[PDB]
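Numbers for residues simply follow the sequence, beginning at 1. Only this structure's heavy atoms are used, side chains among them; waters, hydrogens and symmetry mates stay out.
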Amino acid sequence: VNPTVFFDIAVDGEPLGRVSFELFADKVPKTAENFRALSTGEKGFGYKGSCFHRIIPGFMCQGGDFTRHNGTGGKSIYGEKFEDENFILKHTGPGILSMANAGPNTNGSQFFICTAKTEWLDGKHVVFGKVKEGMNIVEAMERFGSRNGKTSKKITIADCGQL
C-alpha cells in the first residue's frame, strides 16, 4: 500500500537506467506525499528534468533543486518549507532516501540517497523511503561524483512518476 515511484536517469542525455523507491507513507505520510507529488508533477511542478547537483562517492547523491539546479533552491507542495515530521526511521545503510535541509523545520524538495550508513544524520534529517529496484543504477551514478561533490557529467532525471 506504500507508493512506489521511479526515476529514469540520464548522463549527458544518454539513458543510464531506472531507480524505483518505496515511500514510507505509513510512517511519514506528509513527507512521503511531498516526494510522490513532486515525482508525478501533478501540482504543476516537480522533479522531471532536474539534476543531481552533488554526488560524493561513498556518502550520498543529492538532488531535488528544480528551481536553481545547484542546492540553493527547491520548494515543497506545502510552501517554501515544511516541518520535520518525525525521526522514527534511521539512516541504516545504502539506499536510504532522506530529506536535505538547512536547519530544523526547513524541508523543501531536496533529498539525498545514501550510499553508505550515515548514522550521524539520525534525528537531524527525516528518512522517508528506500531504493527498491535499481541500486546498481545508483552505484553507477556515484562513479560520476567526486570528493567535493561536483559531477563530471550532467546527471538528470529524464522522466519520473508513480508505479
Side-chain angles (χ1 to χ4, degrees), residues 4-11 16-25 27-28 30-39 46-77 81-157 160:
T4 303
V5 299
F6 73 90
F7 289 175
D8 285 338
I9 305 290
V11 177
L16 176 66
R18 177 172 285 191
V19 183
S20 68
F21 310 93
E22 177 178 7
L23 307 179
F24 302 135
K27 304 232 184 306
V28 275
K30 184 171 181 171
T31 307
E33 175 65 8
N34 182 58
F35 191 93
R36 190 201 63 78
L38 291 171
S39 292
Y47 294 137
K48 190 173 175 178
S50 66
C51 79
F52 283 81
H53 66 275
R54 186 172 196 244
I55 298 183
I56 301 169
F59 176 25
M60 59 86 188
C61 298
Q62 184 175 345
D65 178 3
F66 58 89
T67 66
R68 302 186 65 72
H69 329 290
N70 68 2
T72 63
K75 60 178 183 177
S76 83
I77 65 166
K81 63 188 166 68
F82 70 103
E83 72 274 16
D84 294 316
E85 190 173 13
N86 64 58
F87 297 103
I88 291 168
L89 302 170
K90 303 179 180 191
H91 298 81
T92 52
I96 285 291
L97 176 66
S98 190
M99 291 303 288
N101 65 53
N105 306 305
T106 60
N107 302 280
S109 55
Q110 290 185 53
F111 61 89
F112 55 97
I113 308 169
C114 304
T115 57
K117 184 171 152 177
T118 59
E119 68 272 12
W120 63 90
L121 304 177
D122 291 345
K124 295 185 175 193
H125 297 266
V126 174
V127 170
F128 64 92
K130 193 176 191 170
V131 173
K132 182 180 174 190
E133 303 185 290
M135 192 64 204
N136 56 308
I137 301 304
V138 173
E139 297 175 307
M141 289 166 53
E142 195 176 28
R143 289 169 208 145
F144 298 106
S146 69
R147 289 285 310 275
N148 65 32
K150 185 201 172 204
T151 60
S152 64
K153 289 186 170 176
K154 190 66 143 180
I155 310 298
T156 57
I157 299 169
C160 48

Going from NZ on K48 to SG on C160, what distance comes out if it is rounded to the nearest 0.5 angstrom?
7.0 Å
Can you tell me how far the OG atom of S146 sits from the CZ atom of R54, to the nearest 0.5 Å?
9.5 Å
Parallel, tilted or perpendicular: which describes the rings of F59 and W120, with under 30° parallel and over 60° perpendicular?
tilted
In short, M141 meets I55 closest at the heavy-atom pair O-CD1, 3.9 Å
More than 12 non-hydrogen atoms from neighbouring residues, nucleotides or ligands closer than 6.0 Å to NZ on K75, yes or no?
no
Please find the pair of heavy atoms, one from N86 and one from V126, that lie closest to each other, and give the distance.
O-CG2, 3.5 Å
Nearest 0.5 angstrom please: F82 CZ to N107 CG, how far?
4.5 Å
Exercise: identify the closest heavy-atom pair between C114 and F112
SG-CE1, 3.7 Å
Between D65 and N70, the two heavy atoms sitting closest are OD2-N, 3.1 Å
So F111 and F7, would you call those rings parallel, tilted or perpendicular, with 30° and 60° as cut-offs?
tilted
Residues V19, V131; criterion side chain to side chain contact (heavy atoms under 4.5 Å, CB included); working and verdict:
CA-CA 7 Å; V19 183; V131 173; 4.1 Å; yes
To the nearest 0.5 angstrom, please state how far the CZ atom of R143 sits from the NZ atom of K153.
13.0 Å
For residues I96 and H91, report the shortest heavy-atom separation together with the two atoms involved.
CG2-CD2, 4.1 Å
Roughly how far, to the nearest 0.5 Å, is CD of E139 from OG1 of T115?
9.0 Å
Please round to the nearest 0.5 Å and tell me the distance separating atom CG of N148 and atom CD1 of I56.
8.0 Å
Pick from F35, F24, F87: which one makes a ring pair (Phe, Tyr, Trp, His ring centres under 6.0 Å) with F128?
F35
Where do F52 and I9 land on the side chain to side chain contact (heavy atoms under 4.5 Å, CB included) test, with the steps shown first?
CA-CA 10 Å; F52 283 81; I9 305 290; 3.9 Å; yes
What pair of heavy atoms forms the shortest contact from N101 to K124, and how long is it?
ND2-O, 3.0 Å
Does the pair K30/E33 count as a salt bridge with the N-to-O cut at 4.0 Å?
no
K90 and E119: CA distance, side-chain angles, deciding distance, side chain to side chain contact (heavy atoms under 4.5 Å, CB included) verdict
CA-CA 7 Å; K90 303 179 180 191; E119 68 272 12; over 6 Å; no
